[PDB]
Amino acid sequence: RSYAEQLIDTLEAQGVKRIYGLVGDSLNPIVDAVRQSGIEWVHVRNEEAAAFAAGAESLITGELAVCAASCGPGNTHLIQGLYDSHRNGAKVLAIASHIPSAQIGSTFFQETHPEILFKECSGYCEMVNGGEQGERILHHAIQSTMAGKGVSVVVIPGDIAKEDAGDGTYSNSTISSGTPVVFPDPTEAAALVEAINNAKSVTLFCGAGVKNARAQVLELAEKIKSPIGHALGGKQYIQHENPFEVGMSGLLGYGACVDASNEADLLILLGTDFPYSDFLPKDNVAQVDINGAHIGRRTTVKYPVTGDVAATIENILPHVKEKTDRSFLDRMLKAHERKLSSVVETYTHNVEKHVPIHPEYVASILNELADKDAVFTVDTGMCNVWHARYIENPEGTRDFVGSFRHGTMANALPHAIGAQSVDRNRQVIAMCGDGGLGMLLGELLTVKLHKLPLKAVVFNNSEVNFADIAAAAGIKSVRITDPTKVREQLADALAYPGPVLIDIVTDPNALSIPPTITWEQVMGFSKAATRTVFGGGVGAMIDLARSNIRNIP
Amino acid sequence: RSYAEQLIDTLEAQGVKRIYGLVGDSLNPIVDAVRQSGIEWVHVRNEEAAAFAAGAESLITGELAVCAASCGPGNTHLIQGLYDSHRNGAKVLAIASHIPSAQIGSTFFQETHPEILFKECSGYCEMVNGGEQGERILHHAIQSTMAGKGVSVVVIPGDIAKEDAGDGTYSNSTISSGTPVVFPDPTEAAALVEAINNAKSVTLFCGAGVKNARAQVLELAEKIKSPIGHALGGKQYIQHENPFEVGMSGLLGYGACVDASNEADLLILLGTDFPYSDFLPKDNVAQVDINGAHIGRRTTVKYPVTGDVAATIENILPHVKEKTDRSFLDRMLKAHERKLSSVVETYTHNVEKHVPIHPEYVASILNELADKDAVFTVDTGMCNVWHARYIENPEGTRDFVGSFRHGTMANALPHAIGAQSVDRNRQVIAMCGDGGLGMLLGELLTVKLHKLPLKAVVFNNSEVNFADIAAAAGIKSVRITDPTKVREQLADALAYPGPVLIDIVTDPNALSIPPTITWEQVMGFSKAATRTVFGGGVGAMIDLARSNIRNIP
Amino acid sequence: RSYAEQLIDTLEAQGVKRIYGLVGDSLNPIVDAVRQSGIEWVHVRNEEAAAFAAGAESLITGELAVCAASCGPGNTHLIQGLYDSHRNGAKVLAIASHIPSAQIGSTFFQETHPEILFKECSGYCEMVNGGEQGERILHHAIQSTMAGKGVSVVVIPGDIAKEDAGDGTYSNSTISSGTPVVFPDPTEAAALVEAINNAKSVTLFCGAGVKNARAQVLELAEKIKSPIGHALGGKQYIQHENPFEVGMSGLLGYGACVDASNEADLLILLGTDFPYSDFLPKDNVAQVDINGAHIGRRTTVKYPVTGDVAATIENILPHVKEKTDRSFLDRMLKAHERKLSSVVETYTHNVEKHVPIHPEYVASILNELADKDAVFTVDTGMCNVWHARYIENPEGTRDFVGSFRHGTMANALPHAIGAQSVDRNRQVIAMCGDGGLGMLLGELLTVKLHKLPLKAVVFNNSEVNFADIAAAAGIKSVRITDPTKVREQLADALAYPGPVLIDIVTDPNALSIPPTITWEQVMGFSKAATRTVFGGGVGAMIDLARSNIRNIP
Ligand SMILES: Cc1cc2nc3c(=O)[nH]c(=O)nc-3n(C[C@H](O)[C@H](O)[C@H](O)COP(=O)(O)OP(=O)(O)OC[C@H]3O[C@@H](n4cnc5c(N)ncnc54)[C@H](O)[C@@H]3O)c2cc1C
Ligand SMILES: Cc1cc2nc3c(=O)[nH]c(=O)nc-3n(C[C@H](O)[C@H](O)[C@H](O)COP(=O)(O)OP(=O)(O)OC[C@H]3O[C@@H](n4cnc5c(N)ncnc54)[C@H](O)[C@@H]3O)c2cc1C
Ligand SMILES: Cc1cc2nc3c(=O)[nH]c(=O)nc-3n(C[C@H](O)[C@H](O)[C@H](O)COP(=O)(O)OP(=O)(O)OC[C@H]3O[C@@H](n4cnc5c(N)ncnc54)[C@H](O)[C@@H]3O)c2cc1C
């Protein structure tokens, strides 16, 4: 058998179910092996979508996901989605098909040196030079991404896919995909205990690193009476049913999070790399991170701790003294609810009758009507504001995929294609901005071909009729222009048993920016301390804020 | 004044009229300086289009063209178009806006290291670290691309655009954009004279390097009675009104070019880097190239000559003896016309009544109806076959832009946006494949915004209604399904004074591939000598073939 | 036969006589093929020396020179010498032996990715992946460096050297190594003519680009009565027998060059990339360079010309008007001789009796005693000052090799090993600094092994006895401590028919630095205009200065 056959057999034995990619001639031997296997080829019409779809699938499943591209220009289109996947921590293998080995170094038709292009967006990237070495580096690529070291790329000269397979020595191996339990160094954990016991008031600020530490964070918060704020990456895990909830920091922020973080005697950063330093205090900060290289990237950290959040809290809890004074927690919960109530009153008074349709009204209804376990994908831009302030996660059963770190546009539909491919019976909603729809046609043609029943909600601030474009491409569509019809039309679109594009004509003057917000602040290089956020209201998060006030002892 | 103001003033003083790009927040100071200048910002809705549009503009004008992108993901979208522009020899400066200098090295939001990504697709790529150094490297970037050394990239941390301008020392300089006259080394030129005088029969094979050498190539051919064949890059310059015409080599080839090249006593490669070595002889070859590093890249070369084609022929002509025997030239001209007549008879007999519409019928009519000075842009894929075999260049007044070397898909509309922006009164036709239309929407929205009257001819082998999609995006469209209506409907679409999308439903089974053509041959790594080309007919080129037979003495 | 045999046969057929390198196990197949060939392996004891020796050989012969290194750490030692060779324009091929192809991508023992390390110090660098492709990229590497495009590197996985040779298609080719004749663009040449005719006074400032243009530069100078100054790279070609000589600019400078350059109505930079902009005027400058990308790198250039210096002067001379007024030339020649006489009087009055020995006294005697056709190699540091101010080139028959652009230390003995290997009957003098002798032992052991009769002149400012070290390593040595014995002892050492190390105890307080020279000026980032040079005298150059005054009409 050939190396193309061995590559596909190896992926199949490891549980890979799909490969995303646009087929080109250099991939033909690999596509032929996939056709004879149990793996499904997912044909993306835009080559740039393949790596976002694989990234989104891996984020949903926790398992390896795979994308592929043809030689030269083909694998150049992997770069954006691989930066996004790599920064998001998605476990992706990219099969970068390459020119024939005989043409390397001759400035051949389509020739590139793909190893140079993926150096920053991967943990492992090597070229195959034969079947035996190709089997070996395929193992190393999978083992590197499954051990959490980043995206992996295997560059395969087209002709070598047809050469003989290796002998099986590396494909026979079991991949380590376990989660080690990382306890902190006792000296660092003792310094954190002392910092907490010496502080009269503590605030916890959580990011994506608290994903598997909800119970420990909440147990710690109840013991020391600490308000809990979050970065955007931690919103989905820690905001829901949180008795200590004080919102989010940054320009898309809300509530008393910036106040609680800067007024507490001690701030504890838990599993976060929140980059907007002008919102963070410097006086007295602790930071717990599983990657020690991340500690102190964003502000002065006096109590650094390398370790897992859950294992670190479990280790310090018997030595942390109970704080009976919750004056600070009560003050912050009250200020939090007043801040949310104030932005609702200032910006969304009688928003249900606003014409053209207010996007915040759409987001509020969308939060109510979407399924309790829906996946939301979020296009970079204004949709990040609507997700942050209106899309909630009751009981933690929704999933959220976006380009929160790499910040690239037009990611929602490619992410949704991967997320929807995991389970066709699960609802997937893609929040799309009209500006991020220049590549819409290829995304719709992929959705139509694979019958992926995702719901593309377009915040149309153009005038372009996206409902007519979707209908011409063979996709069911609806156009919403009257605010009194949003609930009815959205409920009917979300109930459609198939792919739908929902074209909602929204008000282009929605983004409210206070006169004090500068270009330096927007760009993230303003030094002066700030508590200023973009204008606009908030949604259903106010219900938890209000129950937390009623439950104050 | 600021460095952003100085950058725009410098480009404006050098004759730059447009900057192509998608505006993002990191570019705001530069966009503000453009607004107050005589330069027009051309807003591309797909960021990937900017570098193709600049590349196409530079190929048409011969002058500097400029594209720009916002930080991180933004300048990652420049890569495809910059590889294409760099390989095509287009003189492009890319303004790669970058994250704030204070965040470099902190894994900030959107952070990339753009210097690593452009190393292979540029001749110069440096980062600005202040206003004074920024003025200097802007000069060096422009001087490098104007001297023919490749694409140039200037990476500008967003905050530095607002810092003070340099003192003018480098912006005050005159750029050398001249064309030196490169005569060959007399020893190399003497060896070429001897090779020609010792050969009884000679064939010339021309590429893009004969652009300014038509008269010299034809004068040499008449003196030694040599058939003249071409690579695809040389078709536009040497095929028209050529009394020695014997067609093109490679799988998209036609006529007796492969026979004449391999049967002549001496083959002279003139200004070509044709990469399909299995079509080239090895026994006795000369090669003239202005870049000595390119000589002998593709086959055995015994008579290498570094120099300009026109200056080299002028230098050797007084020493080359007149060949009175034209038996070989006559045999090749006769075989050439029989080969063209044979493929017309085999593949396009009664093609005017073929249903669904034959793409070769569309291409033939398009060649007749398009203006004598039209620009054609060619989408990579089947449109390369139709351009090569049907779109002619009478009197050399048409221009052709495609991704002939980098071979990336979806280039036709981005190339056409740049070409059309040069002169709105000049016809621009974009030959689009239905597979290369996943990014169509953003291209149409740019064309609509700037009122660019290009004609997008879509070879629709899908069923998708692209005419309805174009009409929904606010673009005039027509749908052609009946072959007897192609001439009338195409003539009316080409006459429309504005942008039009022409959706032509064509036969998806057009590509004829002989059973002997292997995947190795398609991929370009088959070693065995070949004369086999893809099936299909040829167009109006047969008229010149037939006049050349009538003019045989 | 094997690819190792084919590589050596190919180099041998192209006239390669030596390969410099330290043999390691990964090179064994290549070393075995060299042993059975006419090529000599030159064993360098310090692997870092190999690339400097090849660079020096190529500078002396004008032909390809070759170095080799073993895998991993071995080819890492090529980098310094390859930056030096690449910047000096030496035509070098480096054979970078690499780990076995089966281990690539496995973090094997000694594994590196050598392609990344040579990107800036080469014009071509590719990896061999088989015998056929290896033959092809060997051709491309040689053709790139012989066409003047920079150093070339061929990376060869150790095991592939034992695989079968390619079929000969590329090794059968003739390499283009000719010198094209580059005439300027007539528009640029016309602007240069106008600038010269409108100026009342002109100064020419020449660099290494005037190597083959002495007669044209001197003919132009006589016609327009222009003083001729030089950068250090042009000293060896234009200073000797020059009736217009006005010295050198920069901190190591001398004479009226800075004055003549800044006081003339027009400055013409001819074949120079002199980097110390604070010594250059900005008001009215022309620049002629064969590489257009270099034009205007260093100051404002209003009259840029891309072209060869000799061809450009030949083209403009019939249109340049004769200037009969030589008031400026006479004033500059007089000021030049007064400046040289003044530094001799200020710094070297009675230097023949100075104790410890003055290095300027050593340099003056060395200039007199060395052969008329000697090669001088110059260690970076104080030896650059002594070469610049004391080592002359009567009739142009001496050669000079140094690290003038890359500026790396300890280059003199590795450069001298390559230069001496070209012709054992030609005198080679290496000017060594005591600080640049930490790697002396390996250099002496190579010189002893190959019986290279070079003369290592050590300016010993330590106390270390280098004569005793050389004697212990088996090399003839002499120690000079008395200034009255320098002439006699140096004459006897230079006459020794074999390698000699001459240990001269010199005064460590020789470097005179005026109180106005700042660290910014030493580092090359001071903006203010300057005419200040380091203290110290000059040598035999004063004889030409004085004859030029006597010959003033
Ligand atoms: C248009 C736009 C606007 C934005 N505006 C904002 C804004 O106003 N506010 C905002 O908050 N964000 C904003 N973001 C996103 C922002 O740039 C950051 O990506 C985000 O704040 C980071 O969230 P995080 O810290 O949860 O995740 P990450 O940056 O991924 O950090 C997670 C950290 O947890 C660590 N970790 C992982 N697992 C564990 C574990 N088991 N134990 C311990 N540590 C662990 C990781 O090593 C890492 O350091 C914006 C994004 C976009 C696209
Ligand atoms: C789908 C597809 C299929 C293709 N199939 C074919 C095919 O079958 N046949 C085919 O021919 N092409 C084919 N091509 C294109 C092919 O890959 C090459 O790009 C093309 O053949 C190169 O043309 P060229 O030699 O004219 O241009 P280039 O490769 O650009 O070479 C031009 C040469 O001229 C030299 N030069 C420039 N100016 C001068 C001067 N003044 N004097 C001297 N030398 C000078 C340059 O240094 C260079 O070496 C295909 C492309 C695509 C997208
Ligand atoms: C310790 C130290 C101190 C130094 N101090 C000084 C100092 O004070 N003064 C000084 O002058 N140097 C000094 N140097 C060297 C300095 O850094 C430069 O390397 C040197 O001045 C450059 O000389 P150049 O212009 O002749 O050569 P290059 O920089 O090599 O420039 C040659 C130019 O000629 C062009 N060219 C080549 N062939 C042709 C042709 N046929 N026609 C046209 N153009 C052609 C090339 O493209 C190039 O642009 C120092 C070096 C060291 C190690």
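This deposition appears in the PDB under the title "Pyruvate:quinone oxidoreductase (PQO) from Corynebacterium glutamicum CS176". Under Sequence similarities (unreviewed entry), UniProt gives the following word-for-word description of chain A: "Belongs to the TPP enzyme family."

*Asks:* Hey, could you run me through the relation of the copies chain C and chain B in this one?
*Replies:* Each of the two chain copies goes to the other by way of a rotation about an axis and a shift along it. Mapping chain C onto chain B calls for a screw motion: a turn of 180 degrees about the axis and a shift of 0.0 Å along it, with 0.0 Å RMSD after fitting. Look at the turn and shift together and you get a two-fold axis relating the two. Distance from the rotation axis, computed per C-alpha, reaches its smallest value in chain C at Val182(C): 2.3 Å. Of the interface residues in chain C, 100% have counterparts in chain B that sit at the interface too, so the contact is made through matching surfaces.

*Asks:* Please explain the relation of the copies chain A and chain B as it appears in this structure.
*Replies:* Rotating chain A by 180 degrees about the axis while translating it 0.0 Å along that axis superimposes it on chain B, leaving an RMSD of 0.0 Å. Interface overlap between copies is the fraction of interface residues in one copy that are interface residues in the other; for chain A against chain B it reaches 100%, indicating a shared surface.

*Asks:* Honestly, the site of ligand 2 in this entry has me stumped. Any pointers?
*Replies:* As a structural note, the neighbourhood of ligand 2 is formed by 30 residues, with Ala208(B), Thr272(B), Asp289(B), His294(B) and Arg405(B) the closest of them. Close to ligand 2, residues of chains A and B are found. For ligand 2, an oxygen atom lies 3.1 Å from a polar atom in the backbone of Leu251(B). One nitrogen or oxygen atom from the side chain of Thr272(B) is found 2.7 Å from an oxygen atom belonging to ligand 2. About the coverage of ligand 2: the protein hides 86% of its 990 Å² of free accessible area. Sort the elements by how many residues they give to the shell around ligand 2 and helix 10 (residues 232–238) of chain B lands first, with 3 residues. Across the shell around ligand 2, the residue classes break down as 13 nonpolar, 13 polar and 4 charged.

*Asks:* What is the right way to look at the sheet that holds strand 4 (residues 92–98) of chain B in this model?
*Replies:* Hydrogen bonds between backbone atoms are what pair the strands of a sheet, whose relative direction is either parallel or antiparallel. Residue and element names in this part refer to chain B. Taken in spatial order, the 6 strands line up as 2-1-3-4-6-5 in an open sheet, and their pairing is parallel. Every interior strand has two partners, whereas the edge strands, strand 2 (40–43) and strand 5 (124–127), have only one. Each strand of the sheet is rotated relative to its neighbour by a mean of 20 degrees, with strand direction disregarded. When strand 5 meets strand 6 (residues 152–157), the two strands line up parallel, connected through 4 bridges. Bridge pairing in strand 6 links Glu-126 to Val-154.

*Asks:* Any chance you could explain the site of ligand 1 here in plain terms?
*Replies:* Around ligand 1, 30 residues are found, and the nearest of them are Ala208(A), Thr272(A), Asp289(A), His294(A) and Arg405(A). More than one chain approaches ligand 1, the contributing ones being chains A and B. A distance of 3.0 Å is found between a nitrogen atom of ligand 1 and a backbone nitrogen or oxygen belonging to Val309(A). Notes on ligand 1: free accessible area 1000 Å², of which the protein chains cover 86%. Here the shell around ligand 1 is built from residues that sort into 13 nonpolar, 13 polar and 4 charged.

*Asks:* Is there a simple way to explain the interface of chain A and chain B in this structure?
*Replies:* Interfaces are frequently sized by the accessible area removed from exposure as the parts join. Across the contact, 62 residues belong to chain A and 62 residues belong to chain B. Contact between chain A and chain B buries roughly 5400 Å² in total, counting both sides, with carbon and sulfur atoms accounting for 61%. Summed over the shared surface of chain A and chain B, the result is 2 salt bridges. Close ionic contact of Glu520(A) with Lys162(B) constitutes a salt bridge, the shortest N to O distance being 3.2 Å. Between chain A and chain B we count 30 residue pairs in polar contact in total.

*Asks:* Is there a simple way to explain the packing of aromatic side chains in this structure?
*Replies:* The relative placement of two aromatic rings is captured by the distance of their centres and the angle of their planes. Residue and element names in this part refer to chain C. Considering all chains together, one arrives at 15 aromatic pairs over all chains under this definition. Consider the rings of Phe-205 and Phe-274, whose centres lie 5.1 Å apart with planes at 85 degrees: the pair is edge-to-face. Taken as a pair, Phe-205 in strand 8 (residues 202–206) and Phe-274 in the loop between strand 11 (266–270) and strand 12 (285–289) lie far apart in primary sequence, 69 residues in all. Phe-274 matches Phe-205 in its accessibility class, with the two residues each being buried. Summarising the aromatic geometry, the rings of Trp-519 and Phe-525 are spaced 5.6 Å apart at their centres and angled 80 degrees between planes, so their arrangement reads as edge-to-face. Across the pair, exposure class does not vary: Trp-519 and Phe-525 are exposed alike.

*Asks:* Sorry if this is basic, but what is going on with the nonpolar core here?
*Replies:* Across soluble globular proteins, nonpolar side chains show a tendency to be buried alongside one another. Counting residues in hydrophobic clusters, the biggest one holds 174 residues, and the most contacted among them are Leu82(A), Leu82(B) and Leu82(C). With near-sequence residues (within four places) excluded, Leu82(A) lies in contact with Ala51(A), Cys67(A), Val92(A), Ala94(A), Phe118(A), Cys121(A), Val151(A) and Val153(A).

*Asks:* Sorry, what's going on with the interface of chain C and chain B here?
*Replies:* Each partner contributes residues to the interface: chain C has 40 residues there, and chain B has 40 residues. Together chain C and chain B conceal approximately 3000 Å² of surface at their shared face, both sides included; 50% is due to carbon and sulfur atoms. Our count for the contact surface shared by chain C and chain B stands at 2 salt bridges. With a closest N to O distance of 3.6 Å, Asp167(C) and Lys282(B) form a salt bridge. At the boundary of chain C with chain B, the tally comes to 26 residue pairs in polar contact. Broken down by secondary-structure element, the contributors of at least two residues to the side of chain C that touches chain B are helix 7 (131–146), strand 7 (181–183) and strand 13 (303–306) of chain C. Grouping the amino acids of the side of chain C that touches chain B by side-chain chemistry returns 12 nonpolar, 19 polar and 9 charged. Relative to strand 7 of chain C, strand 7 (residues 181–183) of chain B runs antiparallel, the two sharing 3 bridges. The partner of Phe183(B) across the bridge, within strand 7 of chain C, is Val181(C).

*Asks:* Explanation requested: the packing of helix 3 (residues 49–61) of chain B against helix 5 (residues 79–88) of chain B in the structure shown.
*Replies:* Relative orientation and spacing of two packed helices are given, respectively, by the angle between their axes and the distance between those axes. Residue and element names in this part refer to chain B. Look at helix 3 against helix 5: their axes get within 7 Å of each other, and the N-to-C directions meet at 20 degrees. Classified by the angle their axes make, helix 3 and helix 5 are roughly parallel. When helix 3 is examined against helix 5, the residues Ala-51, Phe-52, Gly-55 and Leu-59 are found in contact with a partner set consisting of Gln-80, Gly-81, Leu-82, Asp-84, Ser-85 and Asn-88. The class makeup of the residues in the contact of helix 3 with helix 5 is 4 nonpolar, 5 polar and 1 charged.

*Asks:* Sorry if this is basic, but what is going on with the pattern of salt bridges here?
*Replies:* Pairing is possible between side chains that carry opposite charge, provided their charged atoms lie close to one another. A full pass over the atoms with the stated rule returns 49 salt bridges over all chains. Two residues, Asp399(A) and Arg426(A), come together in a salt bridge whose shortest N-O distance is 2.8 Å. One end of the pair, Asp399(A), is in strand 14 (residues 399–402); the other, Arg426(A), is in the loop between helix 16 (412–422) and strand 15 (428–433), with 27 residues separating them in the sequence. The class of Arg426(A) is buried, set by a relative accessible area of 17%. With its nearest N and O atoms 2.8 Å apart, the salt bridge here joins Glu368(C) to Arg487(C). By relative accessible area, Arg487(C) is classed as partly exposed at 40%. Overlapping salt bridges bring together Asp259(A), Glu263(A), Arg331(A), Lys339(A) and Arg531(A) as one network.

Criteria and thresholds
Residues numbered from 1 in each chain as written, not as in the entry; some residues may be left out. Chains lettered and ligands numbered in written order. Part of a larger assembly, values for the part shown. Heavy atoms only, no water. Residues with missing side-chain atoms left out of burial classes, pairs and counts. UniProt positions renumbered as here; feature names shortened; annotations may be inferred. Least-squares fit on C-alpha atoms. Contact = heavy atoms within 4.5 Å. Near = heavy atom within 4 Å. Polar contact = N/O pair within 3.5 Å; in protein donor to acceptor, adjacent residues only side chain to side chain. Areas by Shrake-Rupley, 256 points an atom, 1.4 Å probe, with all protein chains shown as cover. Helix = DSSP H or I, 4+ residues; strand = E, 2+ residues; numbered from the N terminus. Nonpolar A, V, L, I, M, F, W, Y, C, P; charged D, E, K, R; others polar. Pairing = 2+ DSSP bridges. Axes fitted to C-alpha atoms, helices over the stretch in contact; angles between N-to-C directions. Buried area = accessible area lost by both parts, 1.4 Å probe. Salt bridge = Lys/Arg side-chain N within 4 Å of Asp/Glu carboxyl O. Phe/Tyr/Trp six-rings, centres within 6.5 Å; stacked < 30°, edge-to-face > 60°. Buried < 20%, exposed > 50% of the residue type's maximum accessible area, 1.4 Å probe, protein only. Core = buried A, V, L, I, M, F, W, Y, C linked by side-chain atoms within 4.5 Å. Parallel < 35°, antiparallel > 145°, perpendicular 65-115°, else oblique.

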